[PDB]
Ligand code: CLA
Ligand code: CLA
Ligand code: CLA
Ligand SMILES: CC1=C[C@H](O)CC(C)(C)[C@H]1/C=C/C(C)=C/C=C/C(C)=C/C=C/C=C(C)/C=C/C=C(C)/C=C/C1=C(C)C[C@H](O)CC1(C)C
Ligand code: SF4
Ligand code: FES
Ligand SMILES: [Ca+2]
């Protein structure tokens, strides 16, 4: 259900609660910890990030490498947090390489 | 050892070297032909051209045309080859007319196979192309005439 | 440990714990590397054991009648070969008390009752001495090793209560089993090629060696 | 190093949960549908194994079990054929009188008047005349009762269940690993010596013991029920020794090396059997013996486990010279890591083989009573030509797939491939030129001929009467093949076929089995047309393969895949640059070439080969012999072949051949229906679907899986599929109606 | 078994069954009342 | 059959091929011929007991070759004279 989320960020690391049927981005939108986005549609790399633990539902994710979902990177705006997760933010370019 | 090499050691030009394009026999032969005699008057080369090709174009029009068996008209079908010579020399003329202008140098390459400068081949002029045209045409009609002159029985008339 | 056509591949896994281990495996069938279904080496050892046991039984049985056809009041109509008793009706049949098809069904029923339980001992070792079987379960417990179950039934006389005992006896058993397997194969191809019967064949060879083997390559039939 | 069995236990578990979740194999499909496009993709990518995953082991496991599934299907189809021969056929009566009863193994129920399709096929039976030639096979096999057909149907059903179980087993319980598959030396040793050697040895055995004696009895005139059963021939041998004295010595020669004493039934005759119009069975048994020996020896070339043999890598590395650099070094690494390279080579060879089978089976008829059954001969030649062409085109498809997805000079470098890639421009230039020149000098002659025939100038034609173009080499070769038996082949009596010549003609039942086929100007023209069509098909397919990765127009084409619509309308427009589009275009040209091949064969056989012979010995051909003089113009093809022979199919309404009349028209319809998909584009269709969707929305009846127009590539594929089906089915109906009607 | 019940309701299988039953029904109707051009009842 | 007929021919043929294979002069299980000129050495792993490294695989191979070659020349000589 509404597992706790953990996001490392240059601002720090903060937690907010939010049901599994949601995308991470609107839920960091709720409590008010600002994150970088451009598209909100899963077709760019501004909302990119990687994981510390658990793993996130990436069913409705697209425009990604047939690997970007098997070695860590995730787009925060099309992602369902199946577990109590611990994630990274501002991770576009070390993804952009 | 390998036989094919890039053209003059440059492996980024769109071609190769083989025993077909760069071979001593082929090189010497192709060099001694009219089109590749750069330092010669255009009209002489054209003369060789027209001679050979009128003489060659005699045979087929004679031995295959509509009146091949009618020989009150079989041999005199050299009229046809004369007409073909006329037509493709008209084509030569319009090609030269459109491709060149006298007040412009000749587009031929100035470098040679080893990297020395050459005086650009004048056949690629406007002037010299008209000269070569006249030569080819003169040769073509009179070569038609020559191979019609040899109507004497040989092996296959 | 004498070796027959051994190799550095076969001699790796054939250490010697098995009876009659001669390191002979020129095809590499016991290799435990890529083992799956019915290629596992334990099952191959069990299968050799069962083949040899049945071969001892069947090889002594397929020749017994036509030997007693010659000595005693044993009636000749009940002195047939092993191929003219009903095994191949295009080669000779008999009229027992049943049909030879009812015979097949009934024999299959009895052997199903036997072999399903023997397998279930192989698969979940110790299963059959737990469910009710009208009694008959206290003796079908097992011994951890499929091919040597023991009990009050399969070992009444109590042979081999030590280790040298069992190893020596097991060696002799597997060797005799191999010999009888060879013998049954010989039965088959002799009884085809000469087409008369192994006992009669032996008695036709003991007299003269004129027609030992290559003579019968004319293959009368 | 050494060769062994290597298997994993229980890799995947048998379950139904994945059946209820459509598109489990691909992550994109698994997510589920938003639009109808999903439903199409689900089927298009179903067997693209190496795209569902990256692991070679998984792809090979899937391929192995898929092959088992295909074999199970084939066994079920064979089971059906034998059961229908046993249960709904007139095979026994045909066995009694083969040259009057026309074979039939399918009857129809009387439901809507369709029982008219149950026609009088002779023998007290009413059904559909079949053209697969199964009765001829069953007679050449020795089969004489319907109980044997029942038995083989049951055996085939059992074998099909066995194949299906093995397919499940090797995927879910005992799945072999990659090193098992990648052992090609042991595989070749087994297929050469075990599958092909032992196979033809066992078959030669069956012919020596069953087919030969039962056919001897049948040709002697004995009633097919009073012939002994085959197994009698094995139990009692005096039966065999009555027909072939050599069976008295019985394998003593085969050891005493006096093989001469078997000349009874192992012959080298050549020519046909003048009683049944087929090859001598005593020749076929001896042939199979020889082929088995050859294959059994050839299956002992490659080293597996005992030193002796040949290393394929060593053979390939040994071959190289001053024109090809290092060539063949690096092909063993390639041919063992890509399934697509293997599939391309295999498809090429199997297609060529099928075409060769077509030619050899018309020219030297193997089965008895097949040569005079004209419908079966036409059907078999045509069927096998089509199969061969299709397989050859698939070869190009998978060579292109290898070039796009697998070729990699960074980790698997081969020299010959690199050099061909480095002069592809000259290659394609010369092939283009030769196709243009070949097209001018073959079709151009036809156009010259039509124009000279319409201008009242037949003395200016290209024909046997005016301007002769005799194929001297073909005439010279068949003359050499005529004089061969006795001069360059002293051991032969008659020559290999009756088409070579020698003045020998074979007849059966008052019909012509075979006679010498005459070559003339028309044969010269037709063959150069054929060379033209094959060269063009090659140009298209090879251009598709060689430029699959990059071009001067699109320099990074490999990054767009193997099957993509275009790279946009810029650069002038780049529709159909992909290699898939080259395969799509090559299918039309294969259709063209094969169609002309089967038209040439069909007209030539009726005109100069088939017909009826009289007791006095005057042969009347089906068509009058008009191929020599009417085939040289296009008007003669339109008039004397199409218009004159379509009469049988346009007059079948009311007879038992009316199904062909219905299929003629249906096939024309399907062909014309494909042009709509081929001539249009999906923008128009999506915009029309917009308004239709509006109308549905107006009534709260609009679907949730949003309807889309088809893909660009799907449009092309639907188009070519319906085009091929329509055209081939039209020719199918035409041929079968025509050949069945006259005879 | 539940998964089988779901699978049997997937689109191709459902349509296959629906149309096979419909075909049997029309076939039997035409086998009983053959060659109908009109409604001959009322 | 045994006497002085095919017997002589086939026996001497298979015997000379076995004599070749055992010693050098012929490719074998422990000998890899390069290109028909000379032979290398190789331990196939299959253990034998013969002092020259003569395997059973080697014996089978050279026996088959002897039989093929003998059958060939026997049939030839008895077909020409
Ligand atoms: C539409 C007008 C047209 C006309 C009037 C002709 C007329 C003729 N054609 Mg022709 N043809 C045409 C269109 C035409 N064609 C087209 C469009 C094609 C393409 C399909 C052809 C393809 C064709 C072929 C393949 C052939 C002909 C041939 C012929 C000649 C046959 C009769 C003959 O033997 O004459 C008498 C025989 C002669 C040799 C007369 C030669 C004519 C004079 C002497 C040539 C002098 C030329 C002159 C120096 C300059 C050339 C033209 C100039 C006025 C610009 C005839 C003069 C045949 C032929 O004879 O070949 C020459 C023949 O082979 N035609
Ligand atoms: C004498 C040994 C032998 C024989 C007869 C075959 C025969 C066959 N192989 Mg095979 N293979 C062998 C050894 C052998 N193989 C070895 C040693 C390897 C590598 C270790 C392979 C690896 C291999 C692969 C990767 C593939 C084949 C395939 C095939 C089939 C090819 C298609 C065909 O022609 O169908 C002809 C159809 C018939 C002849 C019908 C009769 C079928 C009989 C019963 C086949 C039984 C032979 C088989 C070896 C039995 C072993 C099973 C046993 C343990 C119970 C064919 C039946 C293809 C395949 O598997 O298709 C499923 C294929 O993909 N083989
Ligand atoms: C041994 C033969 C063989 C094998 C194993 C394969 C295997 C494969 N091919 Mg291939 N191919 C072959 C022969 C073969 N092909 C031949 C002969 C051709 C020439 C036509 C091609 C041309 C070809 C192309 C162009 C492509 C492939 C592709 C593929 C891959 C995916 C196929 C797929 O699942 O699509 C799904 C299968 C279907 C959707 C079924 C199509 C149904 C057809 C169109 C209807 C036919 C009508 C029917 C015969 C009669 C009408 C019945 C009706 C009236 C009821 C796959 C690995 C594709 C690929 O991407 O490779 C990676 C690819 O695009 N193949
Ligand atoms: C080791 C190895 C390994 C490597 O690597 C390879 C190789 C070489 C392959 C291998 C192998 C070898 C071998 C030899 C094998 C074999 C076996 C056998 C023989 C078995 C039998 C086995 C056998 C068996 C079981 C048998 C059994 C039998 C029986 C019961 C009998 C019965 C009977 C009788 C009484 C009588 C009646 O009237 C009939 C009957 C009923 C019939
Ligand atoms: S969208 Fe269609 S028309 Fe436009 S470039 Fe692509 S293939 Fe051509
Ligand atoms: S905004 Fe770019 S992915 Fe969400
Ligand atoms: Ca193993």
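Only the coordinates and a few stated rules stand behind these numbers; no lab work does. Note that each Cβ is placed from the backbone with ideal geometry, even for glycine, and that neighbours are counted across all protein chains shown.
Numbers at a glance
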read-out: From the options B:84, B:113, residue that is part of a helix (DSSP H, G or I) and more than 16 Å from ligand 5 (Cβ to nearest atom); value: B:84
read-out: Breaking point among (1) within 29 Å of residue E:2 (Cα to Cα); (2) within 14 Å of chain C (Cβ to nearest Cβ), for residue D:3; value: (1)
read-out: Positions within segment D:24-38 being within 11 Å of another protein chain (Cβ to nearest Cβ), without any contact (Cβ under 8 Å) to a residue 60 or more places away in the chain and either part of a helix (DSSP H, G or I) or out of contact with any helix residue (DSSP H, G or I) (no Cβ under 8 Å at 6 or more places or on another chain) (or both), in sequence order; value: D:27, D:28, D:30, D:31
read-out: Residue match in segment B:110-118 (condition: in contact (Cβ under 8 Å) with a residue 60 or more places away in the chain and either more than 30 Å from residue D:460 (Cβ to Cβ) or within 16 Å of ligand 3 (Cβ to nearest atom) (or both)); value: yes
read-out: Matching entry among D:13, D:21 (being more than 16 Å from ligand 1 (Cβ to nearest atom), assigned to a loop (DSSP other than H, G, I, E, B) and touching a residue at least 24 places away in the same chain (Cβ under 8 Å)); value: D:13
read-out: Subset of segment D:596-621 [on the phi > 0 side of the Ramachandran plot and either within 16 Å of ligand 2 (Cβ to nearest atom) or free of Cβ contacts under 8 Å to residues at least 60 places away in the same chain (or both)]; value: D:617
read-out: Candidates D:729, D:667, D:704 - the one that is surrounded by fewer than 19 Cβ atoms within 10 Å (Cβ to Cβ) and assigned to a helix (DSSP H, G or I); value: D:729
read-out: Breaking point among (1) away from every other protein chain (no Cβ under 13 Å); (2) under 21 Å from the mean Cα position of the chain (by Cα); (3) more than 28 Å from residue C:123 (Cα to Cα), for residue C:24; value: (1)
read-out: Every residue from segment D:521-558 that is more than 16 Å from ligand 3 (Cβ to nearest atom), surrounded by fewer than 17 Cβ atoms within 10 Å (Cβ to Cβ) and over 26 Å from the mean Cα position of the chain (by Cα); value: D:550, D:551, D:552, D:553, D:555, D:556
read-out: Matching residues in segment A:64-80 - criterion: being farther than 13 Å from residue A:5 by Cβ and either surrounded by 14 or more Cβ atoms within 10 Å (Cβ to Cβ) or more than 12 Å from chain D (Cβ to nearest Cβ) (or both); value: A:64, A:65, A:68, A:69, A:71, A:72, A:73, A:75, A:77, A:78
read-out: Test: residue in segment C:28-38 that is farther than 25 Å from residue C:119 by Cα, facing chain D (nearest Cβ under 10 Å), over 20 Å from the mean Cα position of the chain (by Cα) and crowded, with 17+ Cβ neighbours inside 10 Å; value: yes
read-out: Residue match in segment B:94-106 (condition: within 13 Å of ligand 1 (Cβ to nearest atom) and in contact with a helix residue (DSSP H, G or I) (Cβ under 6 Å, 6 or more places away or on another chain)); value: no
read-out: Number of the condition not met by residue F:64 [criteria: (1) within 17 Å of the chain's Cα centre (by Cα); (2) more than 9 Å from chain D (Cβ to nearest Cβ); (3) in a helix (DSSP H, G or I)]; value: (2)
read-out: Residue within segment D:428-440 that is more than 13 Å from chain B (Cβ to nearest Cβ) and not in a helix (DSSP H, G or I) present; value: no
read-out: Unique residue being touching a residue at least 24 places away in the same chain (Cβ under 8 Å) and more than 22 Å from residue D:358 (Cα to Cα) when the list is D:593, D:579, D:644; value: D:579
read-out: Counted residues, segment D:349-387 - those being without any contact (Cβ under 8 Å) to a residue 60 or more places away in the chain and farther than 20 Å from residue D:517 by Cα; value: 9
read-out: Test: residue D:561 is away from ligand 3 (no atom under 16 Å from the Cβ) and over 22 Å from residue D:641 (Cβ atoms); value: no
read-out: Within segment D:311-331, tally of residues that are within 14 Å of chain F (Cβ to nearest Cβ) and either touching a helix residue (DSSP H, G or I) at 6+ places or on another chain (Cβ under 8 Å) or assigned to a loop (DSSP other than H, G, I, E, B) (or both); value: 3
read-out: Which numbered condition residue D:612 misses (of (1) within 24 Å of residue D:519 (Cα to Cα); (2) assigned to a helix (DSSP H, G or I)); value: (2)
read-out: Sole exception among (1) touching a residue at least 40 places away in the same chain (Cβ under 8 Å); (2) surrounded by fewer than 17 Cβ atoms within 10 Å (Cβ to Cβ); (3) touching a strand residue (DSSP E or B) at 6+ places or on another chain (Cβ under 6 Å) for residue A:83, by number; value: (3)
read-out: The listed residue being surrounded by fewer than 18 Cβ atoms within 10 Å (Cβ to Cβ), more than 9 Å from chain D (Cβ to nearest Cβ) and touching a strand residue (DSSP E or B) at 6+ places or on another chain (Cβ under 7 Å), out of F:39, F:77, F:16, F:25; value: F:39
read-out: Test: residue in segment C:184-199 that is exposed (fewer than 15 other Cβ atoms within 10 Å of the Cβ), over 19 Å from the mean Cα position of the chain (by Cα) and not in a helix (DSSP H, G or I); value: no
read-out: Per-region count, segment A:25-42, residues within 13 Å of ligand 6 (Cβ to nearest atom), crowded, with 16+ Cβ neighbours inside 10 Å and part of a loop (DSSP other than H, G, I, E, B); value: 4
read-out: Odd one out for residue D:132, checked against (1) outside any loop (DSSP other than H, G, I, E, B); (2) surrounded by fewer than 18 Cβ atoms within 10 Å (Cβ to Cβ); (3) in contact with a helix residue (DSSP H, G or I) (Cβ under 8 Å, 6 or more places away or on another chain); value: (1)
read-out: Checking residue C:147 against (1) farther than 30 Å from residue C:124 by Cβ; (2) touching a residue at least 60 places away in the same chain (Cβ under 8 Å), the condition it does not meet; value: (1)
read-out: Flag if residue D:386 is more than 30 Å from residue D:269 (Cα to Cα), out of contact with any strand residue (DSSP E or B) (no Cβ under 8 Å at 6 or more places or on another chain) and surrounded by 21 or more Cβ atoms within 10 Å (Cβ to Cβ); value: yes
read-out: Any hit, segment A:20-34, residues being touching a residue at least 60 places away in the same chain (Cβ under 8 Å), away from chain D (no Cβ under 14 Å) and either under 26 Å from residue D:28 (Cβ atoms) or within 16 Å of ligand 3 (Cβ to nearest atom) (or both); value: yes
